[PDB]
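This report concerns only the one structure given below.
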Amino acid sequence: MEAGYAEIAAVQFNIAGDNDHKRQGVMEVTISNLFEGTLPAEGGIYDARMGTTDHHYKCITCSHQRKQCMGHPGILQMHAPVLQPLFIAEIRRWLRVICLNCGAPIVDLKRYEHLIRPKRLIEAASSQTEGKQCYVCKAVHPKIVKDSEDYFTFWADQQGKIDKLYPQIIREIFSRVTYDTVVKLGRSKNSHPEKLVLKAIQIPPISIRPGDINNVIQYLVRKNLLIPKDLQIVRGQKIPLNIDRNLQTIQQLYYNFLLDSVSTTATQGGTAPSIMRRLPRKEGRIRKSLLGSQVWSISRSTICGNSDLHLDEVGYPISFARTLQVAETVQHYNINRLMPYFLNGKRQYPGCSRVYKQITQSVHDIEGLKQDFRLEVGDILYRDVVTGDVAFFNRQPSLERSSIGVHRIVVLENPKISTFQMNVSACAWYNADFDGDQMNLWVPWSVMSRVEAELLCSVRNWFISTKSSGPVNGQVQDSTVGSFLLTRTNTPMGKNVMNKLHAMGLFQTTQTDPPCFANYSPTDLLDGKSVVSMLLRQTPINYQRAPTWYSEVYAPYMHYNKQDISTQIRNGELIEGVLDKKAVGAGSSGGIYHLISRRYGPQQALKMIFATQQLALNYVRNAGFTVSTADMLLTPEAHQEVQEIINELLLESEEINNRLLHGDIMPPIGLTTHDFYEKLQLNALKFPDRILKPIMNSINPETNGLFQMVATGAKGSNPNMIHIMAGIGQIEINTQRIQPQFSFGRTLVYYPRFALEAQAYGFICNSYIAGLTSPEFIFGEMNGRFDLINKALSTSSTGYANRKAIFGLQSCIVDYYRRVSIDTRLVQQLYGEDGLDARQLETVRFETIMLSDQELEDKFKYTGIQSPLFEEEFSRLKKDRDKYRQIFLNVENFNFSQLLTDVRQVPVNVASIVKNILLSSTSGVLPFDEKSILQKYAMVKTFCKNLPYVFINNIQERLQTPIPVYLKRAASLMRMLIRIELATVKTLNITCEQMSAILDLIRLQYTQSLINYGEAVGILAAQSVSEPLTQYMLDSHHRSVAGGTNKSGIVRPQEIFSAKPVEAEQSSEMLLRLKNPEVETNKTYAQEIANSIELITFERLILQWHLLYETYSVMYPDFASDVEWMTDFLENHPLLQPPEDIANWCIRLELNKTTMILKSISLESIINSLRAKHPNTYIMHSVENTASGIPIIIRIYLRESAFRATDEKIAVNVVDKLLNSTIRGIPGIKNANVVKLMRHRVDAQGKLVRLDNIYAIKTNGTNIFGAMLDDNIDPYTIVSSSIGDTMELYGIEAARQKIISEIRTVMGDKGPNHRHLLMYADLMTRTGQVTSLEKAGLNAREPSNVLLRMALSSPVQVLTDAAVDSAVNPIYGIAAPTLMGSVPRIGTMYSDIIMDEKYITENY
Amino acid sequence: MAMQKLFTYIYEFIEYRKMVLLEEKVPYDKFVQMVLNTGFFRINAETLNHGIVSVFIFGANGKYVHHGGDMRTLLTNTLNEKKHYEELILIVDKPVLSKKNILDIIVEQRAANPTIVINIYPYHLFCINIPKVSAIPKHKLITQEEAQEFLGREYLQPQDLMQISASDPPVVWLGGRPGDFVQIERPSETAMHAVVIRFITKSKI
Amino acid sequence: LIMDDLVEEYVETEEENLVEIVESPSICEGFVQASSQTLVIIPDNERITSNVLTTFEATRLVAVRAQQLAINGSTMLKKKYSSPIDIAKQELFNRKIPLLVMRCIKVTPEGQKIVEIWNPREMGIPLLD
Amino acid sequence: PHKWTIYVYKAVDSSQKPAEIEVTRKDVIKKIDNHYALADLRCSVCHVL
Amino acid sequence: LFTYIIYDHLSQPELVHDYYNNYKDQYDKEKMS
Ligand SMILES: [Mg+2]
Ligand SMILES: [Zn+2]
Ligand SMILES: [Zn+2]
């Protein structure tokens, strides 16, 4: 007895033979009766020994009730054998490789004794082996035919002799196979073919067939009762007519019981949901019951705003608080507190509903406990939810790490409130809005869950984004506008001041301790900056940034106050500037709340957000804010100005049209006239910058609510205002105008065919306030429908990609070395290459990067002591700068537009620590002290040397044990930052004890920033990269959809994640640098090279071609006039006479003169690119003098050297080969433009200068080899968007860097942290090959993780292959433990807890 | 321009492998004449371990890459001489790596001489200085003792490490063999460079 | 005759591409039990894991201690708190928690569970209060 | 083609001495105050209002 | 000189155009047909 605690460590999959069924069966099904009255009939399929599903009886086998009984399998002894439905393909493979007479293998086992085990049998069965002679019994192997009428019948074809392979005969055949043959064919000894035939099937436990799937079982039992029990079928017995039909229907019944309505690739044959149909798809067993679950003790409601709630609070209706209960166990310390809940009971709130008495080991109703007076120790009380309880708040779809957060409950006692109320600043965590969104709320009742909710999942932990490493929450909408209105210097009423009474009223709802106004007279005037400083003095921070209010596009108009365009906060005091989206807005990196979180913790940041939001809202409570129709109304003069601007745009469009009409539009090389015309029209119809002048002439910026919302960043943008007031402009769909889809050349019924006006192609000349006409409204509806379609399918595409990425990355978990490993196989030597949490990073500028050799000496070379130590320190600084420059200039070289930056994300802002210590210092300008300065230098040097020990522990630091090289590299950036910010020049007014404190603070901050052991960093990366994907979809109508540049939708991300080959890429690009640094400046040379490497083939320049059976030294009549220019060619080319091997076959091609002119293709170029290309040929051209009307004709005469298959067919193949020859360019490059490149180079003074005058070729299509062959391109700086090309030519490391770069390009400016891209790239390249995020990548990376691959997709094939291969599935990661009903061993469960026996004995 | 780049870069491939050149160096024109006439060019190099490395530069239209019997005869004859022959390198065109028959003779010859290393490589592997490519980080082979101490500190097996193919261009230029360890200094945008150790596995072909 | 509740036949198409000899002894077939392990505790001076508790480890320690105080309640704390969560948090903060943290570094094939045992009463606590 | 990148400011009050300031877009914030108003745009090529 | 895009130095743009005008004219005629 006493079943001890255990955990499943591995799962073994095997084929279950009839012996296993007999061993595991608790009962034998023998009758067809279902129920004997109110009880199951004994021996039937419902027999209670199989388990109980009804309350009306117990099990018998385990003597448990329905809830505690897991069910037990039975046995049905089949009178005739049946084939295993899941392994029909295995039966077919085994039948074709072993002799059906003696069981010996007909194939040569030595032939396949070099393949891997999972492939030996497949290749053995691939060979024909029909008619092969056995070397043991000299029998002839028949043709194993799979019947096309069903999925299980096999036919033996002996040179036309047809006999049915019955399961009994198959078992006789399979029982003669030795285990030696099984092993030599790559199969496990548990995969002997004798298990593929079942004489005793297993009827599943009733637990999986509750009281249809039992109809099939009943029918199977009934049909099995018909077959005689002594039936003995041998090869060639001629079962007459009815045993045959009965056997076929029994086998079909079993096959439909197991595999009905599921196909699988391993299905051989043709023509009540089954067992295997329950598993797959969203509603299947795995995804619906194992990966997710329905739960109890949970609530859902609509969410609405409540500005009186803190960011970490949620408004809970009281009716829900008396439904969900918290389980508090009564002990000595809580009996007094819990007694009021017990006394209130179910009649008053806060009360309780149930009590679990320990003495009775059962739950007691509160209305039956009226005689208990008090509660006993060990009792469990289920009390109502009260204010201050923690709750899990969740909004679906749950895509971010903050999609589930823990809030403190605020119980709303108003009975008429049924919504989940929350602060509007908390919506950023969930991507929620108050327009109908519903959120799930469940209160943790168990002690462990409550501890975790208040310690691990509180929303204060999600204030900093795991994705972007920046703040998530901030002021939104009314709060941003209110902050601007409160902090602005002047109102339309004069100076922005309030009296003491209204200044006090601003702090009424801040929920903080109010500031002191006793030093203010009732008539004293306080500006908004003063009250903002009063609030922000509690968390003093330093801020200096231009506000969103100041925009350069607005500067020519308006009159910006000089005190409003430079926001400065010094030690919590707002000196100047306004507060808006840049400073207080949500998601504003570097904003005031981000700084507050960095210096005082995210809880302080949330409290400050609430306080400042209350301040702004209380200010607007008096200032007022509104938008009216007149806010969007231009003055008549401004309307005339807008009309004039649009008239100028349409006049430029009409000038382009006039150029087209006169045939003056000449497209460049690479574009057709239609494409060039469309590009010119798109450029001509863009609104100028001066469209804002009429708008701002009609707008009073100090009074305009719409302009104030747009300019302060609260809501809207400049295009919104322009569309509302001036005009929408050109409607662009996928970068192009409206296509003529109504008819041939017609965009709408309202416009004529081949209309040239811009209005016919989507140019909207009217503003929204002016109103749109019917065609303008139709074009706008097309654009809006595009937006709606993209929004709708963004959810689905993001779901697909997110699920694939999660299942590809979920097993990646940080271990105790802070490496990332799948089980035990490494993915990263250190997480994010720095071992840091994404929530603990700060962007910091490195001051030495851009300095020249002289400013570096003038700013960092300390000359106050004549010591070599400071020379060494400056040398160390210079070497750090040089290493940084080299690394991040190399990074520039293998990227398209990744510029070297002065700022880095670091765990510790050293300069801020030094500034804080100096500000708190009770000293200043210390006297010169050589000993102190040298001591501080020594301390800093030792701290830098011992910095990588924060990655190990204090013990190894004390022992000074060797540091691994990768850990030394992990601290390189922090060593650089410390040596810069703690340089001797910068630490002259810092004492030695102050230096010790600074170093201790740096060490503490570095330790606090490390990634936790057991973090599911793969899932974090999957979320952080899948979240920007829906925004990437939302701009799908702003991306090109044409061939060669197809970037619409998820085409590029699916290309990246699926590791699609080069030929499968639709937006391949390459970047080529000229192999001459001094001539990259010439745009003409760059254009020359770009047009030179553009791929031109013979087919591009052919109007038509005709192959002829005529030799030369007769002639198709339609071209008898060709002999004139033919003889002219003979006369003009004396050394090009026809050779004496001229054959009958010859092509005659007409050259397209228009294409030749447009592509600058000369006839001599063709003649030399075909003559010195083709060995067995004789080519002739007409006199190129041809004007319009007479054509250039190229007759290519073949030779029998080519003919050295049907002659005509090989001649046509030769024609195809000749046509595809490369006349000009490099293969695979459809287009090649010239782009201006921004690059950094170190000049002779050691300075890093940003150069804008670099020209490079941005090709369409990739060929790294071809681009590296030409000598006009720098071969060492070829950048191609193709991951496969980079992998094939450069290697797996360059492929990893390319994956990083391409994912970064897809994410865009608002992308995740670099460590998530590193996670994606390192998972995909861990095996030395670029594996995908699809099923194939999982198969390559985790073949043994059968459960994970079943959970991803295709459970039936994965299960079948696992059973056949006898796969052992170790339980690791998340999917495998979850499918086994266990919990993943990560997070809180990554490290186990044991009892400190010594301490417990010595401290009872 | 494949043959020119091959000619200029194969010798720096040999030098980067720290191999002393044998015989002499021929001009470009004589090189392509030999490639067209004999069907291939052979370059002999000597390693520091007194072994011999032979590089065979076959032609795209050469007969040795179109008929399997010719390649079999060449490999059997070259392997029948009296030299240590540490490694045989056969540089062929990219579609030659797809013609299964030639790969079959390569495998048969590799099985025939287990102590002899035979590898077939495409043209693009030696058409550029691979270690000088900007996109390729610095790869370096670490001795088995350093790898063993690194694995012992990390409580790791060689099979737990990230894998790299022996046909990886940096690994080929380094001369790494399967079962060896390569230390890679990769540039990092989070830590400003990083160090990773990868396990060299079986080369593709 | 018209049936509406169709089952939508389900298809899998991407096939997987995973890459003397006697009947069976009592050793190769069987022995699913897996050999027992011995606990190889790394010496305190050879430990390489952090001397600071992770938030996961500290949270798990507090949760375990509070759950144990739910059924037990004999506490070494000085000040009286009315909830097991607060008691466990103060026990961790006062370095009086009776639990230990075992970090399983590696499980060897020979049957050794190499672990590092860490005392939370000599460790850095990252939790808030 | 015209390039209207010069902003011409007229002094609101006749007491303002310069009475005429021509600036680019990036110079408005540092050279123009409320004593001036935008009068016209001058082309940067033809120097025509 | 620099005559590919400037066209404001005169003389050099003019000689090039006058001494290759008819080729451009006939190419334009052929293209737009
Ligand atoms: Mg909504
Ligand atoms: Zn039971
Ligand atoms: Zn036989």
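Letters A, B, ... mark the chains of the structure tokens in the order given; residue numbers begin at 1 per chain; ligand numbers begin at 1, in order shown.
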*Pick out the chain A residues within 7 Å of chain B. Count only C-alpha atoms. Give them as a VMD selection string.*
chain A and resid 824 to 827 829 832 to 834 884 887 890 893 to 894 965 to 966 969 to 970 972 to 973 1265 1269 1276 to 1277 1289 to 1291 1293 to 1294 1314 1326 to 1328
Output C-alpha atoms of each residue in that selection to a file, as a tab-separated table (two decimals), in the first residue's frame.
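Result written to out_30.tsv:
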```tsv
chain	number	residue	atom	x	y	z
A	824	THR	CA	20.29	19.11	-22.77
A	825	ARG	CA	21.32	20.28	-26.26
A	826	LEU	CA	22.60	23.85	-26.31
A	827	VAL	CA	20.87	26.58	-28.29
A	829	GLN	CA	25.96	29.55	-24.86
A	832	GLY	CA	20.77	36.92	-25.56
A	833	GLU	CA	24.59	36.68	-25.65
A	834	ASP	CA	24.58	38.78	-22.44
A	884	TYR	CA	33.58	48.76	-30.73
A	887	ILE	CA	32.70	45.25	-34.51
A	890	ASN	CA	31.67	44.95	-39.61
A	893	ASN	CA	29.01	45.60	-43.85
A	894	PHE	CA	26.67	42.57	-43.84
A	965	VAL	CA	35.93	33.00	-22.39
A	966	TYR	CA	32.27	33.50	-23.28
A	969	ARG	CA	32.98	38.44	-23.60
A	970	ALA	CA	29.56	38.79	-21.95
A	972	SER	CA	32.74	43.43	-22.50
A	973	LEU	CA	30.05	46.08	-23.01
A	1265	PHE	CA	28.24	33.73	-56.60
A	1269	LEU	CA	32.41	36.86	-59.87
A	1276	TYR	CA	33.55	40.86	-49.31
A	1277	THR	CA	30.53	43.14	-48.75
A	1289	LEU	CA	27.88	30.37	-49.80
A	1290	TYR	CA	28.93	31.78	-46.42
A	1291	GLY	CA	27.97	29.26	-43.72
A	1293	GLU	CA	26.98	31.57	-38.71
A	1294	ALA	CA	26.42	34.05	-41.54
A	1314	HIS	CA	17.56	41.94	-30.20
A	1326	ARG	CA	21.57	24.99	-33.79
A	1327	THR	CA	22.01	21.83	-35.90
A	1328	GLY	CA	24.41	23.40	-38.41
```
_Contacts of ligand 3, 10 Å or closer, only C-alpha atoms and all ligand atoms, given as a ChimeraX atom specification_ = /A:98-106,133-141,176
*Leaving out residue E:26 and any residue of its chain fewer than 4 positions from it, which residues lie within 10 Å of it when counting only C-alpha atoms, given as number ranges by chain?*
A: 1187-1188; E: 21-22, 30-31
Name the residues, by chain letter and number, that sit within 12 Å of ligand 1 using only C-alpha atoms and all ligand atoms, and give them as a short mmCIF file (atom, residue, chain, number, x, y, z; two decimals) with C-alpha atoms, in the first residue's frame.
```cif
data_model
loop_
_atom_site.label_atom_id
_atom_site.label_comp_id
_atom_site.auth_asym_id
_atom_site.auth_seq_id
_atom_site.Cartn_x
_atom_site.Cartn_y
_atom_site.Cartn_z
CA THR A 302 -17.26 43.60 -20.39
CA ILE A 303 -14.50 46.03 -19.41
CA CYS A 304 -15.07 49.76 -18.96
CA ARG A 395 -7.87 39.44 -22.39
CA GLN A 396 -7.98 37.13 -25.36
CA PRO A 397 -6.17 36.76 -27.69
CA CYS A 427 -5.16 48.78 -21.18
CA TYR A 430 -3.74 43.78 -22.73
CA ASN A 431 -4.10 45.79 -25.97
CA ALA A 432 -7.64 46.47 -24.76
CA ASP A 433 -10.19 49.20 -25.36
CA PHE A 434 -13.60 49.92 -23.87
CA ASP A 435 -15.74 49.28 -26.97
CA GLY A 436 -17.13 45.82 -26.18
CA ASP A 437 -14.00 43.96 -25.13
CA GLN A 438 -14.49 41.15 -22.62
CA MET A 439 -11.83 40.04 -20.15
#
```
_DSSP strand (DSSP E or B) selection over chain B, as a PyMOL selection string_ = chain B and resi 20-21+40-46+52-58+87-91+117-121+138-142+162-165+181-186+194-201
Write to file, as a CSV table (one decimal), in the first residue's frame, the residues of the selection just made, with C-alpha atoms.
```csv
chain,number,residue,atom,x,y,z
B,20,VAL,CA,53.7,24.8,-48.1
B,21,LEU,CA,53.3,24.8,-51.8
B,40,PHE,CA,41.3,19.2,-64.6
B,41,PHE,CA,44.1,20.9,-62.7
B,42,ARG,CA,46.0,19.3,-59.8
B,43,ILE,CA,47.6,21.3,-57.1
B,44,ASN,CA,49.8,19.6,-54.5
B,45,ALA,CA,50.4,21.0,-51.0
B,46,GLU,CA,52.3,19.8,-48.0
B,52,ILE,CA,50.3,15.7,-48.6
B,53,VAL,CA,47.1,17.5,-49.7
B,54,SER,CA,46.1,17.3,-53.3
B,55,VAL,CA,43.6,19.7,-54.8
B,56,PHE,CA,41.8,18.7,-58.1
B,57,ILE,CA,40.2,21.6,-60.0
B,58,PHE,CA,37.9,19.9,-62.5
B,87,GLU,CA,43.2,15.1,-47.7
B,88,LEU,CA,41.9,15.0,-51.3
B,89,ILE,CA,39.9,18.1,-52.4
B,90,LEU,CA,37.9,17.9,-55.6
B,91,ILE,CA,36.6,21.3,-56.8
B,117,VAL,CA,40.0,12.1,-46.5
B,118,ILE,CA,38.2,12.8,-49.8
B,119,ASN,CA,35.9,15.8,-50.0
B,120,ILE,CA,34.1,17.2,-53.1
B,121,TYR,CA,33.4,21.0,-53.0
B,138,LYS,CA,36.1,34.5,-37.1
B,139,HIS,CA,36.2,30.7,-36.8
B,140,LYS,CA,39.1,29.0,-35.0
B,141,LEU,CA,39.7,25.4,-34.2
B,142,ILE,CA,40.3,24.7,-30.5
B,162,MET,CA,25.5,23.4,-31.3
B,163,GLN,CA,26.6,21.6,-34.5
B,164,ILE,CA,28.5,22.8,-37.6
B,165,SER,CA,29.1,20.9,-40.8
B,181,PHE,CA,35.5,21.8,-32.0
B,182,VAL,CA,35.5,25.3,-33.5
B,183,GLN,CA,35.5,28.5,-31.5
B,184,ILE,CA,33.5,31.3,-33.2
B,185,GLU,CA,33.9,35.0,-32.2
B,186,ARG,CA,30.5,36.3,-33.5
B,194,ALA,CA,30.4,36.9,-28.2
B,195,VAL,CA,32.2,33.5,-28.1
B,196,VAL,CA,30.5,30.3,-29.1
B,197,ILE,CA,31.9,26.7,-29.4
B,198,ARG,CA,30.4,24.4,-32.0
B,199,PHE,CA,30.8,20.7,-32.7
B,200,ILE,CA,32.0,19.7,-36.1
B,201,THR,CA,29.8,17.0,-37.6
```
*Enumerate as a PyMOL selection string all residues of chain E assigned to helix (DSSP H, G or I) by DSSP on the backbone, naming them with the chain letters and numbers the document uses.*
chain E and resi 12-18+21-31
Restricting the output to N, CA, C and O atoms, write the selected residues as a short mmCIF file (atom, residue, chain, number, x, y, z; two decimals), in the first residue's frame.
```cif
data_model
loop_
_atom_site.label_atom_id
_atom_site.label_comp_id
_atom_site.auth_asym_id
_atom_site.auth_seq_id
_atom_site.Cartn_x
_atom_site.Cartn_y
_atom_site.Cartn_z
N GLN E 12 28.13 72.83 -73.71
CA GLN E 12 28.40 71.39 -73.74
C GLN E 12 27.12 70.56 -73.82
O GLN E 12 27.07 69.63 -74.64
N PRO E 13 26.07 70.82 -73.02
CA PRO E 13 24.79 70.13 -73.24
C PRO E 13 24.23 70.35 -74.64
O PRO E 13 23.59 69.46 -75.20
N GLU E 14 24.46 71.54 -75.20
CA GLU E 14 23.91 71.88 -76.51
C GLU E 14 24.61 71.15 -77.65
O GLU E 14 23.94 70.66 -78.57
N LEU E 15 25.94 71.07 -77.62
CA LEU E 15 26.66 70.37 -78.68
C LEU E 15 26.28 68.90 -78.72
O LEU E 15 26.03 68.33 -79.79
N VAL E 16 26.19 68.27 -77.54
CA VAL E 16 25.81 66.86 -77.45
C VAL E 16 24.43 66.64 -78.06
O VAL E 16 24.22 65.71 -78.85
N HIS E 17 23.47 67.49 -77.69
CA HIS E 17 22.12 67.33 -78.20
C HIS E 17 22.05 67.55 -79.71
O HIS E 17 21.42 66.77 -80.43
N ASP E 18 22.71 68.61 -80.20
CA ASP E 18 22.62 68.91 -81.63
C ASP E 18 23.31 67.84 -82.47
O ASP E 18 22.87 67.55 -83.59
N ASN E 21 20.90 64.59 -82.12
CA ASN E 21 19.46 64.83 -82.06
C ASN E 21 18.68 63.82 -82.89
O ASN E 21 17.66 63.29 -82.43
N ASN E 22 19.13 63.56 -84.12
CA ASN E 22 18.31 62.76 -85.03
C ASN E 22 18.29 61.29 -84.64
O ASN E 22 17.28 60.61 -84.87
N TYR E 23 19.37 60.77 -84.03
CA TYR E 23 19.32 59.42 -83.49
C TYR E 23 18.25 59.30 -82.41
O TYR E 23 17.44 58.36 -82.41
N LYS E 24 18.21 60.26 -81.49
CA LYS E 24 17.19 60.24 -80.45
C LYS E 24 15.80 60.36 -81.05
O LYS E 24 14.86 59.68 -80.61
N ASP E 25 15.65 61.20 -82.08
CA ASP E 25 14.35 61.37 -82.72
C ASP E 25 13.87 60.07 -83.37
O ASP E 25 12.71 59.67 -83.20
N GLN E 26 14.75 59.39 -84.11
CA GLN E 26 14.33 58.16 -84.77
C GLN E 26 14.09 57.04 -83.77
O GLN E 26 13.18 56.23 -83.96
N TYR E 27 14.87 56.99 -82.69
CA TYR E 27 14.61 56.00 -81.65
C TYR E 27 13.26 56.26 -80.98
O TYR E 27 12.52 55.31 -80.68
N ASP E 28 12.92 57.53 -80.74
CA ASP E 28 11.61 57.85 -80.20
C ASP E 28 10.50 57.44 -81.17
O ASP E 28 9.46 56.93 -80.75
N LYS E 29 10.72 57.67 -82.46
CA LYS E 29 9.72 57.27 -83.46
C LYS E 29 9.52 55.76 -83.46
O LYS E 29 8.39 55.27 -83.51
N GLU E 30 10.62 54.99 -83.40
CA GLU E 30 10.51 53.54 -83.40
C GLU E 30 9.86 53.02 -82.13
O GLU E 30 9.05 52.08 -82.18
N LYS E 31 10.19 53.61 -80.98
CA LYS E 31 9.67 53.11 -79.71
C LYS E 31 8.16 53.27 -79.62
O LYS E 31 7.45 52.35 -79.20
#
```
*asked:* List the spatial neighbours of residue D:47 as JSON, numbers by chain - criterion: any atom at most 10 Å away, only C-alpha atoms, same-chain residues fewer than 6 positions off excluded.
replied: {"D": [2, 3, 4, 6, 41]}
Selected residues, N, CA, C and O atoms, written as a short mmCIF file (atom, residue, chain, number, x, y, z; two decimals), in the first residue's frame, please.
```
data_model
loop_
_atom_site.label_atom_id
_atom_site.label_comp_id
_atom_site.auth_asym_id
_atom_site.auth_seq_id
_atom_site.Cartn_x
_atom_site.Cartn_y
_atom_site.Cartn_z
N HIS D 2 9.68 74.90 -59.25
CA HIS D 2 9.71 75.76 -58.08
C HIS D 2 9.97 74.94 -56.82
O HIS D 2 9.52 73.80 -56.69
N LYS D 3 10.71 75.53 -55.89
CA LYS D 3 11.03 74.91 -54.60
C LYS D 3 10.78 75.94 -53.51
O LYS D 3 11.64 76.78 -53.23
N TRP D 4 9.60 75.87 -52.89
CA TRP D 4 9.18 76.86 -51.90
C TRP D 4 9.71 76.46 -50.53
O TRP D 4 8.99 75.97 -49.66
N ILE D 6 11.73 78.77 -48.73
CA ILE D 6 12.07 80.02 -48.05
C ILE D 6 10.78 80.64 -47.54
O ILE D 6 9.81 80.79 -48.30
N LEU D 41 5.78 82.68 -49.47
CA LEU D 41 6.86 81.71 -49.68
C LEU D 41 7.66 82.13 -50.91
O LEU D 41 7.08 82.46 -51.95
#
```
*ligand 2 neighbours within 8 Å using only C-alpha atoms and all ligand atoms, as an NGL selection string*: :A and (48-52 or 58-66 or 68-72)
*Which value, in Å to one decimal, gives the distance between atom CA of residue A:618 and atom CA of residue A:515?*
15.5 Å
*What gap, in Å, lies between atom CA of residue A:26 and atom CA of residue A:205?*
10.0 Å
*Provide as a PyMOL selection string the residues of chain C at most 6 Å from chain A, counting only C-alpha atoms.*
chain C and resi 9-13+18+21+23+48-51+54+56-57+60+63+67+70+82+98-103
